[PDB]
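Attaching a single structure in C-alpha cells format; questions to follow.
We just call them A, B, C, D, E, F, G and H in the order they show up, numbering each chain from 1.
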Amino acid sequence: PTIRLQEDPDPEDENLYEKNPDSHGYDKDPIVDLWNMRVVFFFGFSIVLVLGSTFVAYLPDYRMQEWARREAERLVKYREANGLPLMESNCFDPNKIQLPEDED
Amino acid sequence: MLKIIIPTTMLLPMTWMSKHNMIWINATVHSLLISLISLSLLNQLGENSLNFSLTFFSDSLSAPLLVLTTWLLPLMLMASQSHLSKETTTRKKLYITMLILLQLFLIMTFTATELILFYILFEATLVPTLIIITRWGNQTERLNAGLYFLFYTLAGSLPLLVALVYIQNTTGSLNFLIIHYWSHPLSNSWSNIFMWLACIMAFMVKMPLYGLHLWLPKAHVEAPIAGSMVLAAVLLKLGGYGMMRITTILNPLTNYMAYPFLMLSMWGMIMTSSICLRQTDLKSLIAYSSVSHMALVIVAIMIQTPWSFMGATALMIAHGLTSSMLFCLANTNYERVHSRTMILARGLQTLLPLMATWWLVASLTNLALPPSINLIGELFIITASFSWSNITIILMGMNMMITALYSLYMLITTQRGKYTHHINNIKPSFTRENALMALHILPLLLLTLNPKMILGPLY
Amino acid sequence: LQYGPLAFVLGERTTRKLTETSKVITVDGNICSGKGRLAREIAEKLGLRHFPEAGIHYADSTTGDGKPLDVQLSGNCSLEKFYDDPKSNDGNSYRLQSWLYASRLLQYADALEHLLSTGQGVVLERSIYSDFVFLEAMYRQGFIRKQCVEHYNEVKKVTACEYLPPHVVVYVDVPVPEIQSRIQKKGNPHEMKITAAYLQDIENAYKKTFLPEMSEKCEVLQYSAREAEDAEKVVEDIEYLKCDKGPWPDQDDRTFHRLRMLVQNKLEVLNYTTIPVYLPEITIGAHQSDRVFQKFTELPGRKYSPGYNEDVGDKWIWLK
Amino acid sequence: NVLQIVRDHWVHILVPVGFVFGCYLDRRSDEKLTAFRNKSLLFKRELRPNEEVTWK
Amino acid sequence: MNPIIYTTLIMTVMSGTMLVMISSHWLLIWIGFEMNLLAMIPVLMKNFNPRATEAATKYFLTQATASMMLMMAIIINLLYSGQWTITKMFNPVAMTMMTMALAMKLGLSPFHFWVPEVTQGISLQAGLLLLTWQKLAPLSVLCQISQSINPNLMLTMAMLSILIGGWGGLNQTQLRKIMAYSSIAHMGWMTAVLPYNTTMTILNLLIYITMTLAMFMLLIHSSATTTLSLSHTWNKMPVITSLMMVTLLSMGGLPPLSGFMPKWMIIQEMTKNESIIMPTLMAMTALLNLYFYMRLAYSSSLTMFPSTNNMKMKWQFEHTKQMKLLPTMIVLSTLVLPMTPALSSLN
Amino acid sequence: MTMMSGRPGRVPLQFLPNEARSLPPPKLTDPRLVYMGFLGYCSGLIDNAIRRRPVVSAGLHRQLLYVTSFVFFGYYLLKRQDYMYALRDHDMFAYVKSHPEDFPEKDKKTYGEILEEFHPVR
Amino acid sequence: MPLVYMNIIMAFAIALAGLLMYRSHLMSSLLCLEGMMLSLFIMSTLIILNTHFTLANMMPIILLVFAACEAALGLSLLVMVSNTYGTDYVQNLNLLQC
Amino acid sequence: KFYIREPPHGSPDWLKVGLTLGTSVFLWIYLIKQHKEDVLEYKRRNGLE
C-alpha cells in the first residue's frame, strides 16, 4: 500500500467567530458561552476582587500594631518623666540568671 | 480549617455529577467561591499561628500560598477549556478531577502540622501532575519529561523520609510547634552533615537549585497550559516553604553548609539569566526566568535573616503570579499559530493592541519595576545579601541588568517590528483571554497597595 | 445456570446427548454454485440446524438486535469494492479476508456450542478449514502480499487447532465456464468483473489442497452439478456413511468439557485474531481507533451490558 | 415544573453544604481542645454572674 | 484435567501449606513441604505443552534440592540437640543450611534464577498461585526461627534480591517475567525486616499478595501476556487499563497509595535499630521497579497504541467469566494508606 | 522478632480476648468506620464499572451490601487494634513501674541556670 | 563425633555435589537425589538408635515413603521430557530464559 | 430488542435481590446489637453507671 497504517487526517482548527460573531471565547453554544462569561465576570471581578479587597482593607488589627504603639508611648512617657534610660541592654533581670560558679 | 478542605472534596462529585455542557461553569463558580472563603485566612496574629486542630494550622507564611492556590484553580479552569473542547466528557471530568486533587493535596500540604504528613502530601502532589503532563501534553517529549519530573524529585525526597523518621526516633516528635520550641543546636560531625544534606536536598531539588534544574525546562515546556501554570506558580514554592520550615533544626550547621549552595545559586542565577538571552523557545525562556528568580529565593532562605525571609516570601508570591501570567500570554500565541518559536509570530502589537498592553505590564512586572511586590522582595533580598557581604551587590546588580534585557527582548521580539506576512490566522482576542490577563494582573497591584499581607511571619 | 466445572461435576455429560445425528456437515463449493440450496435441503431432511454462510455482518446478527451495523463500525471492508478494485492501495482485500475468517471462526464456535449443548446436528456452508482457498486465490492473482498470507497462516495455526473437523464434507463440482454463465445470468453488476483465473485458482486450491487433506480425516462426498438437486439421494448417501476414522470417535467426556468451555465465551475464541502483528492493511491508528470506538459506544444498545440500557427499554435497572 | 430545574441544578448545593459541614466539623474539633479554657496565666479571669464558659 | 481431580490437587496444596503452618514437629513441616510440592507439580502442567513441562521439571529439581537440604539441617539439629520442636535452632551450621534451603524455596537471590523461568513457562492462573500462595510456608518457618537468624546472611540475600529484581525487571517485555522480578524484589523487602520485626514482614506480605492478586486478575481479565498485547486493551475496555495504571502506581510505592505503607513502615522499623544506610540503598533500588512500572503505564494507559481491525468484532461481546474479588482487591491495593495503624492487629 | 506472640495468657486464635471487653467500643460514627464505608462504596462503584453497568445507579442492593460488609469488618478490626494498643501501653507502664532504677527522674533545671551556647547569625 | 557420622556426612555432601553438577542425563541426577535420601535415612537411623529414642524409630520409615513419592515424581517428569525429545538430556530444557 | 435471551430479564432476579437485602439488614441489626452490648459491658466493668 506504500502506507504504514490506517489513520484519520489531521483536521483544521475551528474558528469560534464563524458561527458566533460575538463568541466570548468560552463555548461553541452561544447561550452557555454567554452565561460562562457572565458568571466569570460576576464572581471574579464583582464578588471576589472588589469585595475581597474591601474585606482585606478593613481586617481588624490582630497584629497589635496600634496596641504596640500605645504601649511604647506609655513606656517612653514614664521613663522620660522619671529619668530612667529609654531601653536596657538586658531584656532579662540578672537576678533570675545563675551564672556558673567558676570561670577558670 | 475543614471549611476549606471539604468544599474541594465536594467540587469532586459536583464535577462528576454535572451535565455534559455545564462542567466548566460550575467548577469555575465554586472555585471562585472557595477562593473567597480562603481569603479569611489573611487575618493573622503577631506572635503565634492559627492552631485550628492537632492536624492543621495556618501561619503568616502559608496563608498567602493557600490564597494563591485557591485563586489559581479557577484561572487554570478558564485557561484549559479552550484546547480541551474536542475531548470527551469523561476525559474532561478526569482532567478537572486531577486539578481538584492537586489543589486538595496542596491545601493539605501548606497547613500540615506534622513533617511526615507534610512529606506524604508533598509527595502525593506528584501523581496528578505526572498524569496531567504525560496524558494531556502535546508532543512526544512529554513522556520523557514525566520521567525527568518524577525521579529527580524522588531521588531527592526518599533520603529525606529516612532522615525524618530518624529525627522522630531521637526527639520523639515531628510536630512543627514542638520541634520549634524544643530546638537544639546541631553539632559538627559527619553524621550531622549527612543529616543536613538529607533534610535539605529534596527542597533544593524542588526549587530547583542550579545544576539540579534540568527537569524543570522539560516539565514546564511539554506540559499543558494548566500544568505549566501550577508547576511554575505553586509547585516550585513547596521547596521554599519546606526549607523555611525545616531550617529551624539545622542551626548552626547552615552557617557553613550554605556555601556551596549559595555559590551555585548566585552563579547559576547569572547563568540562567544569560541563557534567557539566547532562547528560540518562548516557554523555555519563562522557565529559565523561573529558575533565576528561585535562585534568588534560595539565597534569601540560605542567609537566614528576617529581611531575607520577608523578601523571599514576597518574591515567591510575586513570581507565582507573574510566571503564570507569562505562561498564559505565551499560550495564547501558541494556540493561534501552533508553534512555540519566538521569532515566528512578530509585530503582534499591530494586530492585538490590548494583548500588547497585557504583555507590556507582564514584562514590566517581571523586571521588578517599583513599587511592585516583585521589586519589594528583590530589594529586601538584596539588602539582606549586602549585609551578609558587600561584594554580593556585584552579582545581584549584574542579574538586575540581564533580567531587564531579556525581559524587554521578549517583548520587542513578539510585539514590535513588522508582522509576519504569511500568518493570516490571527483572530481578535477573546473575552476569556482578556479576563484571564486581568484576573492575573489586578491582584498584583492590589497587593502592592497592601504589601504586609505577603511579607510573611517575620513582618 | 451457566455451564462450567460445577455442571460437569454433578450430572451434565456431553457424550449421552449424541444420538447418531450429531454429524457436523459442511457443504463446500466454488462461487455461485448451488451449495446453499443443497445445505438447506440436507438440514431439512435430516432435521439439523442450518447455518447460512457467514458474511461481513455475521457477528452483528448474534449480538444486541440482529440488525447489521454501519460498515464503519463493523467489518471496515467491502466485497463490492474488492470486486471493483481488487488491487487497491488501502488494504481492503486482506482486511476483508481476515474479517471473514474471524466471522467464520465465530460461526463455527456457535455451531459447535449448539451441537454440544443440545445434541442436534448442524449444517454449515463453508468452514474455517475451507476459507484459506479464497486467500490462496487472492495471492496467485496479486491481490494481497505474502506478509498477509504469513499473518493469516499464523492466526489460523493458533486458532483452528482447538476444534474438531466436520464429520462429513460435501463438495459440489461446477466447471468454471458454467460458473461464469451463472454469474452473467445473475445480474449483480459487481460480480461480472470476476476473471476466470480467480475462479480457476479457487477450484485448484479446493481440489488440490482441501479435498485431499480433508479426506484423510474423513471421507468426502463429491457431487457434480446435475446430481445435487436430488437432495433425497444425497441424504440417503450421507446416512450410510461409516464414520469411525476421524478424531470424533476418540472424544471422551473431559475433552468435550474442555471444548464446551471453549465454544462459549466468544472472547476466548476471538482472542488470537487481534495479535499485535502490524500489517498496514489491518493496523489502525490511535486517533481513528479512538474516534470509531467513541462512535460505536454511542449506538442505542451498546453503551452498557445487554440488560442495562434504559434507552432501548430496560427496566428495573437499579435492582439488577 | 421544578422537577427538571432541580434535577439539572441540584449540583449547586454540594459545595455550600460542604462549607457548612466543614464549619460544623471545625466547631466539633474546637470542643475537644478545652483543657486549658480560662486557665492560662495571661487570660485567667473570673466568670460573670451569668456566663458559663469564656469561649466556645 | 478433571474438575474433581483439580479441586483435590488444589486442596492438597493448601493442606500442605496448612500442615507447615500448624505443626510443631520438624518432620511434619517437612512432610507438609513434600505434599505441597507433590500436589503442585501437576497444577503447573494443567495446560500441557513443552514449556509447561520444562517449568515443572525445573521447579521440581529446585524444590527437591531445597527439601533435601531442609531435611539435612533438621537431622544435624537433632544430632547436636535431641529436639524436634521448631525453635531457636541450637546449631549454627544447621541454621545456615536451613536459611539457604528456605531462600532457595522462596527464590531469594542468588537462588532466584528459577522464578522467572517457571513463571514464564506456566499459565497466568498457575503463576498467580505460585507467586502468591507458595510464599506463605517458607516465610512462616522463617518467622518462627527469626530469633536465631544470622542477620548478615539474611540481609545480604535481601539486598541482592532487591538489586537483582530491579535490574532484571528493567529488561523485560513479557508480563510474567516482570511479575516474577517484582516478586523477587518484594521478597527481598519482606526478608530485610524479618530479623527486626515479623509483624512488618506479615504486613508487607499481605499488601504484596493483595497487589499481586489484583494485577494477575487484571491480566487474566484482559488476556495479555506481552506488553504489545496489553497495549491493545485501551481500545476494548479503558476502565481496566486505568485501574491497572493506578495499581502499577501503587506497586511502585508512591504516596498516598497503599503500596507506600509497607516500605515506609519497614524503613521506620529499620531506623529504630541503627541501620541507616541499608534502607536508603533499598529505596534508591526500589526506584528501578518504579521505573519499569511507569514504562508499563506509559505503554498501556497514558498513551494510545495502534490497534487492529478485528478488534471491532471484540466490541460486540462481553466478558463471560467474572471474578468476584477483583474490585475489593483493587480498592485494597490503592486506597488503604489512611488505615495504616490497623497493622497493630497483626501482632 | 515478635513482641506479643509469646505474651503469657494468650489464647491462640481468639482475635478478641475477654479483657478487650473492658475498653470503650468505637463509636458507630467513628471517622475510621466512615472511611471503611467509603471503601465499600468505592468497591461497589468499581464493580459497576468493570461489569459495564451504569456506575452510580446499577445495583443498589449490591452497593449497600458492599458498604455494610466493609463497615461490619472494620468495626471489629478497630476494636482489635484499640485492644492491641491498650495492651502495649499497659505492658509499657507495668515495666516502667517494676524497674525504677532504669527510668530515673532527675532534678528539673530551669533555663536561668542552664548554659546554652549562642550562635550569632551574621 | 565418631568417624561413621562424618563418613555419612561426606556421602551426603558427595551426593549433593553430584546433583548440583549436571553432566547430560537427568537419570543420573535423579540417582544422586536418591543417594541423598539414602544418606539421610542412614544418618537419622544411626542417631535414633544411638540415643535409644524409641518413638523416633518410625521416623526413617516415613522418610523412605516420601522419598518414593519424589522418585516417582521425578521419573514421571523424565518420561514426558523423553516424549518431547527422544532423550533425557538437560540441554533440551532451555525454552525459558531469565 | 435483543435477539438473544438476555438471561437477566426485565424483572430482576428476586431471590438474589431478597437474599442481598436480607443479609445486609441482618448484618446491620447485628452490628447495632453488638455495639449496644459492648457499651453496656464496658460501663458495667468500669462502673460509670
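Note that a residue touches a chain if its C-beta (ideal position, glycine included) is under 8 Å from a C-beta of that chain, and two chains touch if they have at least 3 such contacts.
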Study note, to complete from the structure: chain B and chain F share contacts with A, E
Check your understanding: Can you name the chain that lies farthest from chain A, using the mean of each chain's Cα atoms as its centre?
Key -> G
Study note, to complete from the structure: When A-F and B-D are ranked by contacting C-beta pairs, first place goes to B-D
**Study point:** Innermost chain by mean C-alpha position
**Key:** E
Revision key, fill the gap. For the pair chain A and chain B, the C-alpha centroid-to-centroid distance in angstrom is 14
Exercise for review: Would you mind pulling out the distance in Å between where the CA atoms of chain C average out and where those of chain H do?
Suggested key: 50
Check your understanding: Counting in whole Å, what is the centre-to-centre distance of chain D and chain F, each centre being its mean C-alpha position?
Key -> 28
Check your understanding: How many Å are there between the centre of chain C and the centre of chain D, using C-alpha atoms for each centre?
Key -> 71
Check your understanding: Residues of chain E that touch two or more other chains: which are they?
Key -> 303, 306, 309, 318
Review point. Residue numbers in chain B touching 2 or more other chains?
Key: 33
Check your understanding: Residues of chain C touching 2+ other chains?
Key -> 63-64, 278, 283-285, 287, 305-306, 319-320
Exercise for review: Spell out all pairs of chains that touch, sorted by label.
Suggested key: A-B, A-C, A-F, B-D, B-E, B-F, C-E, C-F, C-H, E-F, E-G, F-H
Point to revise | Contact set on chain C toward chain H in their complex | key: 61-66, 301, 306-307, 312-316, 319-320
Check your understanding: Across the complex, what residues on chain A touch chain C?
Key -> 1-8
Review point. In the complex formed with chain F, which residues of chain C make contact?
Key: 304-305, 308, 317-320
Point to revise | chain B residues within the chain D interface of the complex | key: 1-7, 9-11, 13-14, 17-19, 26, 30, 33-34, 37, 52-54
Review point. Within the complex, which stretch of chain A touches chain B?
Key: 13, 15-17, 23-29, 32, 35-37, 39-41, 43-45, 47-49, 51-53, 55-57, 59-60, 62-65
